[PDB]
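Oh and the sequence shown: position 266 is 347 in the deposited numbering, straight run, nothing missing. Cβ coordinates follow ideal geometry from the N, Cα and C atoms, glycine included. See below for the structure under consideration.
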Amino acid sequence: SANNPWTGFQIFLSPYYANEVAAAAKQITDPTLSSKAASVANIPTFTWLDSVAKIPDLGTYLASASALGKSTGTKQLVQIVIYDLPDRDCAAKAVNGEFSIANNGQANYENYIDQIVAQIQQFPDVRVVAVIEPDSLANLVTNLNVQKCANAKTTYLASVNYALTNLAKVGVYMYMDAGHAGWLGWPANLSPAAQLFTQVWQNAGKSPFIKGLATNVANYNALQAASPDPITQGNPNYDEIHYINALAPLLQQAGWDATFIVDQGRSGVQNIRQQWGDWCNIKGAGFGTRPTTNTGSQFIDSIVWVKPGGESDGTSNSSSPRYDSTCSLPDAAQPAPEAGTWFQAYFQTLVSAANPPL
């Protein structure tokens, strides 16, 4: 499209990820690996607003970005993930997330959005790009047979709508999460997916700030695969570019000339999964293509690092109340700590296996 949110801006680098990476490079013993590892703090990632407790961090990042822009003669851009739906991750094996539908989820999520909007409103010289609710809408395409998802459907739709509608009022550029090629890219899932995303776009008033969709968030697919990963058998859309090429024209026909962003933060190593649906701490993953607007596709505004590689996807300890058995599969790195916390051994391999190399 004409207006790529990233062009003409400097991305604000997460100080939280930078601090994690610096501490990790010190725990890495080999000096050559260590310098490459240390350089990861300079690679832009998304900040996950996975709880209300993270909202004050957003405020500090906006204010820091505003001051940095003035100090360096740049316009700054802060990258966030909206990730706090009630009954979050409905098809997962474990309950996570602070809000529940049965305890005023909708009002509490709305208040979470209101607190985010109230921060963003105070810093109009900082641009914000938000990924909207990974692992939400995609479940409403393929997983309505999952009872938790069926029962969450109206709440997910209403809550995502509230986020889109109100973040648009403060000019946030938004990409709704849209799964990945092995979820919604199956040809038979494309039309149902397009129908859902276009209904969501319509309900939020077709705001031009709703730029499109984010794919491969927290996943491992290639953007452009050299050859199909064996996990993809049966699906001609074996990588993200095939998925996006197939989905984009369906959205265009609805009057939404959508554009896309694609997570590649853990895509450096292909052919590492037994089954395509295995998502948790996949062993042998490497850092992938670094964020860039040089995407190779008319539909793709940016390659991004949404999931911050090195932070766990979930614990492998079956005694944890947060335990999802996907995190104990043969292709999951074990033992693994709680979701969101630092997983040092996993980070070190991401560095060693990076492709292109660091």
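Close CB contacts of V253 within its chain, under the 7 Å cut and outside five residues either way in sequence, are with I201, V209, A211 and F290 (chain order). With 16 or more other Cβ atoms from the protein chains shown falling within 10 Å of its own Cβ, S383 counts as buried. Put simply, the backbone Cα of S397 is about 5 Å away from that of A417. For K135, the secondary structure class from DSSP, reduced to helix, strand or coil, is helix. Under the three-state reduction of DSSP, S147 is assigned to helix. For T128 and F341, the gap between their C-alpha atoms comes out near 18 Å. For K292, the uninterrupted beta strand (DSSP E) segment begins and ends at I291 to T296. Nearest in C-alpha terms to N224, of all of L265, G150, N185 and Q196, is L265.
Take the alpha-carbon of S132 and the one of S217: they are about 16 Å apart. DSSP places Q280 within a helical segment (H, G or I) once states are collapsed to three. From the listed residues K156, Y324 and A303, the smallest Cα separation to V350 is found for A303. Inter-segment contact for the segment 236–255 and the segment 277–285 is present: three or more beta-carbon pairs are separated by less than 8 Å. A residue is called buried once 16 or more other Cβ atoms fall within 10 Å of its Cβ, and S308, having fewer, is exposed.
Contact between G186 and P215 is ruled out by a C-beta separation of about 17 Å, above the 8 Å threshold.
With a cutoff of 8 Å on beta-carbon distance, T374 and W87 are scored as near each other. For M257 and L277, the gap between their C-alpha atoms comes out near 11 Å. Restricting attention to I161, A269, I136 and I124, the CA atom closest to the CA of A103 is found in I124. For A211, the enclosing beta strand (DSSP E) begins and ends at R208 to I213.
Taking every protein chain shown into account, the CB of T110 has fewer than 16 other CB atoms within 10 angstroms, so this residue is exposed. Measuring C-alpha to C-alpha distances from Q196 to each of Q356, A219 and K135 identifies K135 as the nearest. Taking the Cα of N326 as reference, the smallest distance to any Cα among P112, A275 and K250 is reached at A275. Listed in chain order, the non-local C-beta contacts of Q425 below 7 Å within the same chain comprise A105 and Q108, local neighbours out to five positions each way being set aside. Residue state for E392 is assigned as strand, using DSSP reduced to three classes. For the segment 296–354, the full-length beta strand (DSSP E) segments reaching 3 residues or more read 340–344 along the chain.
In the DSSP secondary-structure assignment, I163 is bridged to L130 and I213. Of the candidates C361, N436, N270 and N85, the residue whose Cα lies closest to the Cα of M255 is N85. Linking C171 to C230 through their CA atoms gives a straight-line distance of about 5 Å.
Residue pairing from DSSP places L158 in a beta bridge opposite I92 and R208.
DSSP, read as helix, strand or coil, puts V102 in helix. Contact annotation, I353 with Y301: C-beta distance approximately 7 Å; criterion of less than 8 Å satisfied.
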